[PDB]
Amino acid sequence: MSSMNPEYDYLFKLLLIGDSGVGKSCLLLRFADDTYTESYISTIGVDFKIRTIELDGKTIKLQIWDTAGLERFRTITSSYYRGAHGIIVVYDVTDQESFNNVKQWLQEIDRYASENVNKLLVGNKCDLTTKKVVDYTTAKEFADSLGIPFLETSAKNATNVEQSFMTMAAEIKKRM
Amino acid sequence: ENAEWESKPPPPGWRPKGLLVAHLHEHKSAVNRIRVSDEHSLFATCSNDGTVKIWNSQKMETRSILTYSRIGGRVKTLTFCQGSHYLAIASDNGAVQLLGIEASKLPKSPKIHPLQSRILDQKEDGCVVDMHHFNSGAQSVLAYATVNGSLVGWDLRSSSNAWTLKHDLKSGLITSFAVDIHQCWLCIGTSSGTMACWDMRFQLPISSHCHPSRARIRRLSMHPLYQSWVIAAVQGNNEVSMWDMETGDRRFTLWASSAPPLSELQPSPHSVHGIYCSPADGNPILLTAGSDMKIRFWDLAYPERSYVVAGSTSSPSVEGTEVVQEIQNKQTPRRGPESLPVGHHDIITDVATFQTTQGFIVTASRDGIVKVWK
Amino acid sequence: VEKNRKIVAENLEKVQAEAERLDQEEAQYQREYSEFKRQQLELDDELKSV
Amino acid sequence: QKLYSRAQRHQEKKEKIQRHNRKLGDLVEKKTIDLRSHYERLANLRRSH
Amino acid sequence: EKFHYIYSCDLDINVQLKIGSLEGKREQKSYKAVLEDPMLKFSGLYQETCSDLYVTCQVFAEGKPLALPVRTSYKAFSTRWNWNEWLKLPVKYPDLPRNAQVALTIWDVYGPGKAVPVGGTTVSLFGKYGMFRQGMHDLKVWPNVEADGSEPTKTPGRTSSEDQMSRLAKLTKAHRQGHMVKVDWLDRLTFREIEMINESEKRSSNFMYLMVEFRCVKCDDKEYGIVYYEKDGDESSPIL
Amino acid sequence: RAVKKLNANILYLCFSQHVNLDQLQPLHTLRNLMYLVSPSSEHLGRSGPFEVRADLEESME
Ligand SMILES: Nc1nc2c(ncn2[C@@H]2O[C@H](COP(=O)(O)OP(=O)(O)OP(=O)(O)O)[C@@H](O)[C@H]2O)c(=O)[nH]1
């Protein structure tokens, strides 16, 4: 047994990672604050927002962390992954390089995250269809090849944004 | 993980009864700070008379066991350095002096000698306004704040500054600052009522919050429990208010004034000048004294039990923010003689405590009086 | 257009030069006023103490 | 133009606070002379008593 | 609890350096210069938002090149100058003196037959006390100049400091590595402050940075730092 | 213990009035009061910073 806060049953620490400009801050802001903006401020270090949700009648508190995607604020060893309950790997569906680097983000999870942490591949900017480069089938083939759930999304138009985070919260509850 | 708030916290369920132990007057004028050595073996009080006097905590059954005067100007802040080995003092002369204390056995008299010194050019730094010392093993930094807003961490391991911060003077004069027991952050309180938080790891100004009445921060202390809370004493209404610097919300306040709670209208001239706070048994205690010269024991867990320590029952008894409000009760036979007023008769300037085999309160006032209580 | 650009650039530079000078002056007013405030905050306590 | 008015008003504030500082020091000087008289009246009354 | 290391003279393997990405806006020349020389119009600066830059990596020492300049293989760029190429440098760890330097020049096309440098950055391969560079580094790229390997380097990629971001980035990396004490409520504020500072620097200045990485040599799940050392430097002189 | 109290008390009151330090002794109970109550101590009735100096504490302790 352990102490339990009356407001929330489960504290699920989520973490967003991915190349710069993939839309991690936009996704975090759209989910935790229903706001979006064209002004780009490159994240440094860490940021987090808390959002309380409900799934299967359980009050779930999500602490979603947004890590800096730029080369200069990244390091080989990382201690942000430590204690994450689930990790979202974001990529920009309009930039194949961000999708290719997903392979490299995954190996960071297998090295520093919890041994069986939940993972979720997210393809932000799905609203730029005239500029999209990856196929949904190309991503699904890759996500399923590793068993990680996947949802294409758009922070701009809220498209699947809520569902992406809600899905990982459910998956973590399923894990524990 | 393991930074203890006090080397010796108050005894369990300690309740200062208000018994005067020692009445001291060795200072010619106003005492500015009372600091207790982290050993609680000694304490020191500096004064506008330019002298500093050091006292043996165990002798408060009294005499200034040691005294120093060779700086000049009003000495108006001092601090021990995690032991009785060093004691630093500073004066409006802009001189910062590191006094070394020589502890001797009873047969041979003790002594003080200066073993480090700095001087601040009145045109480029001004004198200090407050200082604090905090060990980190690799360094023994003595942070001090100056009138021009410079907050300098002088590493007593050498002459080198560990770091320096430049408080924005647009926020007014630095009137007090405190540092996190974890040494992760710092908060600057000003004459205009602004709290300005500095992250000591990055040495950046992370936030600035202002008292709505725009009134002087008389004392500033970190909270003994909530790592993001700062206990800011404010001029007027005896207001002591906890401010959560993570958000800027005034979210707990002690109030004792004719003016209704939190009102910006005509505040009382009385103000809290010294705040001592301890977590005790997890029931935090905050002891305040000030310009009304009434020591108040505030129980932050059960505020209805808060009471005046600096006086017997001869004295008149007493916005989503948890405010504790003090309202004076709307109240001849010579049932024994009238006793002498034991409390102070002038503005109390600081409160400190020591725990040598009992919980004693030290208080001092602008007339130079120093009083020990238990 | 180069002539006008050069003239306006000098105007912006020379006007901003006064802005930064006034910044040093205002910074000095604060530095001095902070000293007068320090003294005042003591005289008020001496007055109340006396 | 906002800074010129600020330089003016801050300078007037510097002059006003400096004048106020002067009157407080003189007031405390005068109040001390009275306090000295009070303490001597008390000393004489006490000693006679 | 233990520091694992090896001498630079014992590690007889080729030094390897990852050319990471290049971050930062590239200063476009005013069309006044394009009128002075029209061949500018065809340079990579004007034709495409990201040109197919390449990075040269000569190892210098005492102002002399130790070996021929290795270079990044061709990679197409569209919206980000990002190479993920481990250049196997032409010199081994025992060949390096205490003042060895990498001179990373970034190049772009300038019409036919003629490359032109976007910028250059020089970082010493051994740190303050002879340990070889241990990990990821962000090097300040001096614009429009070819990286100089003379000692002292006129185009240093690192500072001892002296500006906000050079200090705050080191602390940010230290914080990410877990070296710095974690405090969630402070971090969520201090990093917003650093974000404002960085975004201000990104506007008030046009400096760019080149990420590089050095291989962390491992053995039996231990990572060994390489320390500049000499065979026979181990014996103090037997002067009678 | 009552004598110790009363004598120490008198001496403390004596020092509070800045009476002549060399004359006061810890045992001469009534003489101490005599020096305090007679006009000989010009400072009687004054309130100020007495010091209970070492040369008078060491005789008591
Ligand atoms: N069209 C479209 N643009 C988006 C979307 N999300 C983000 N963007 C754009 O991408 C920019 C950067 O978004 P950020 O969330 O700050 O990118 P990031 O992943 O946080 O990058 P770092 O903070 O450097 O790690 C935004 O300013 C938008 O211009 C989206 O869903 N649709």
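No lab work stands behind these numbers, since they all come straight from the coordinates. Please note: Cβ atoms are built from the backbone with ideal geometry, for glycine as well, and neighbour counts cover all protein chains shown.
Looking at B:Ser192, B:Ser207, B:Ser213 in this structure, which one is more than 23 Å from B:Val152 (Cα to Cα) and not basic (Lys, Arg)?
Details: B:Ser192 fails: more than 23 Å from B:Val152 (Cα to Cα); B:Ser207 fails: more than 23 Å from B:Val152 (Cα to Cα).
It is B:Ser213.
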Among the numbered criteria (1) out of contact with any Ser or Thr (no Cβ under 7 Å at 6 or more places or on another chain); (2) more than 8 Å from chain B (Cβ to nearest Cβ); (3) surrounded by 15 or more Cβ atoms within 10 Å (Cβ to Cβ), which single criterion is violated by C:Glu35? (2)
I'm told F:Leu33 meets every condition in (1) under 28 Å from D:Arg41 (Cα atoms); (2) within 13 Å of another protein chain (Cβ to nearest Cβ) except one. Can you identify the failing condition by its number? (2)
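For segment E:64-172, list the strands (runs of 3 or more DSSP E) that sit wholly inside it and hold at least 2 residues that are more than 13 Å from the chain's Cα centre (by Cα); which are they? Break it down stepwise before answering.
Numbers: elements: E:81-92, E:100-109, E:115-124, E:136-143.
Where strands (runs of 3 or more DSSP E) fall fully within segment E:64-172 and carry at least 2 residues being more than 13 Å from the chain's Cα centre (by Cα), they are E:81-92, E:100-109, E:115-124.
Assigned to a loop (DSSP other than H, G, I, E, B) and within 23 Å of the chain's Cα centre (by Cα), is that true of E:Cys57? Working first, answer last.
Details: assigned to a loop (DSSP other than H, G, I, E, B): no; within 23 Å of the chain's Cα centre (by Cα): yes.
In short, no.
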For segment F:36-59, which positions are away from chain D (no Cβ under 14 Å) and loosely packed, with under 14 Cβ neighbours inside 10 Å? F:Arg53, F:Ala54, F:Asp55, F:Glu58, F:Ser59
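Just for segment B:334-364: of the residues that are outside any loop (DSSP other than H, G, I, E, B) and more than 20 Å from B:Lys17 (Cβ to Cβ), which one is nearest to the other protein chains (Cβ to nearest Cβ)?
Going through segment B:334-364, the residues outside any loop (DSSP other than H, G, I, E, B) turn out to be B:348-354, B:360-364.
Okay, now just the ones that are also more than 20 Å from B:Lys17 (Cβ to Cβ), so B:349-350.
On the way: B:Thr349: 8, B:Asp350: 13 Å.
Residue satisfying both the conditions and the ranking: B:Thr349.
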What are the residues in chain D that are acidic (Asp, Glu) and under 30 Å from F:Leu36 (Cα atoms), if any? D:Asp34, D:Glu40
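Restricting to segment B:278-304, what's the tally of residues that are under 23 Å from B:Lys371 (Cβ atoms) and either part of a loop (DSSP other than H, G, I, E, B) or in contact with a helix residue (DSSP H, G or I) (Cβ under 6 Å, 6 or more places away or on another chain) (or both)?
Step one: list which residues in segment B:278-304 are under 23 Å from B:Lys371 (Cβ atoms), which gives B:278, B:280, B:285-299.
From what is left, the residues that are either part of a loop (DSSP other than H, G, I, E, B) or in contact with a helix residue (DSSP H, G or I) (Cβ under 6 Å, 6 or more places away or on another chain) (or both) are B:280, B:291-295, B:299.
Qualifying residue count, segment B:278-304: 7.
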Inside segment A:95-141, the number of residues satisfying the requirement of being within 14 Å of the ligand (Cβ to nearest atom), more than 14 Å from chain E (Cβ to nearest Cβ) and either under 15 Å from the mean Cα position of the chain (by Cα) or surrounded by 14 or more Cβ atoms within 10 Å (Cβ to Cβ) (or both) is 5
First in segment E:174-189 and more than 7 Å from chain A (Cβ to nearest Cβ), second anywhere and hydroxyl-bearing (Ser, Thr, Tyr), Cβ under 9 Å, 6 or more apart: E:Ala174/A:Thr75; E:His179/A:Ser79; E:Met180/E:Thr172; E:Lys182/A:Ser79; E:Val183/E:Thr190; E:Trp185/B:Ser228; E:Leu186/B:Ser228; E:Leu189/B:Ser207
Could you please find all residues in segment B:234-277 being assigned to a strand (DSSP E or B), out of contact with any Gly (no Cβ under 8 Å at 6 or more places or on another chain) and surrounded by 19 or more Cβ atoms within 10 Å (Cβ to Cβ)? B:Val240, B:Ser241, B:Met242, B:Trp243, B:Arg250, B:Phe252, B:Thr253, B:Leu254, B:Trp255, B:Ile275, B:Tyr276, B:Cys277
Please list, ordered by first then second residue, the pairs with beta carbon atoms under 6 Å, 6 or more apart or interchain, first in segment B:226-238 and at negative phi, second of a type in the set (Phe, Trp, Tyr). B:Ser228/E:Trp185; B:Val230/B:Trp243; B:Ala232/B:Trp243
Members of segment A:84-127 found to be assigned to a loop (DSSP other than H, G, I, E, B) and not polar (S, T, N, Q), listed by number: A:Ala84, A:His85, A:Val93, A:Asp95, A:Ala113, A:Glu115, A:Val117, A:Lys125, A:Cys126, A:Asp127
Residue under evaluation B:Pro205, criteria (1) in a strand (DSSP E or B); (2) within 22 Å of the chain's Cα centre (by Cα); (3) farther than 15 Å from B:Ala143 by Cβ; (4) not charged (D, E, K, R), criterion not met: (2)
Counting only residues in segment A:57-83 that are in a loop (DSSP other than H, G, I, E, B), within 15 Å of the ligand (Cβ to nearest atom) and facing another protein chain (nearest Cβ under 8 Å), the one surrounded by the most Cβ atoms within 10 Å (Cβ to Cβ) is identified as A:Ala68
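Could you please give the count of residues in segment A:10-41 that are out of contact with any helix residue (DSSP H, G or I) (no Cβ under 7 Å at 6 or more places or on another chain) and near the ligand (Cβ under 7 Å from one of its atoms)?
To start, the set of residues in segment A:10-41 that are out of contact with any helix residue (DSSP H, G or I) (no Cβ under 7 Å at 6 or more places or on another chain) comprises A:11, A:13, A:15, A:20-21, A:23-26, A:28-29, A:32-34, A:37-40.
Going one step further and asking which of them are near the ligand (Cβ under 7 Å from one of its atoms), we end up with A:20-21, A:23-26, A:37-40.
Final tally of qualifying residues: 10.
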